[PDB]
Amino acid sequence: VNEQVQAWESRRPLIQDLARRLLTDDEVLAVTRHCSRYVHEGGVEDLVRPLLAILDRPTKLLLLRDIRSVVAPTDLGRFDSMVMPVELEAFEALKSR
C-alpha cells in the first residue's frame, strides 16, 4: 500500500487535472475513488474493469499512463493483460477514422 499510496499521492494532481479535462466531475470522482481504493486495499482487476468502462475513447485512455505508475509490481502483469489489448483497439479506432 505505502509505496503505491505514495505514488498515488504524488501523481493525483496530474491524474485529477487531466481527468477533469476529459471527463465529467462525477467521472473524475469515480476515477479518484477507484485509484484510492486500489492503492490502499489492492485488487488490480477491480481498478481496471471500471476504468475501462469510463475511459471509453482513445484520448481518455491517456489517464492509464499515470495510473500504471501506482500499480504494485506484482500487479503489473495483470494490469497489462487487461489494458494492452484496449490500447491496441484504441489505435485502430484512431486509424479507421
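The numbering used is simple: start at 1 and walk along the sequence shown.
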* Consider only the C-alpha atoms of the modelled residues in this chain, order them by B-factor as the entry records it, and name the third containing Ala90: lowest, middle or highest. => middle
* To do: Select lowest, middle or highest to describe the third in which the CA B-factor of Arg20 falls within its chain in this entry.
  => middle
* Asked: Taking the C-alpha B-factors as the PDB entry records them, is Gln4 in the lowest, middle or highest third of its chain?
  -> lowest
* Structure fact -> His40: CA B-factor among chain residues, third -> middle
* To do: Check where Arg65 lands among this chain's C-alpha B-factors and tell me if it's the lowest, middle or highest third.
  => middle
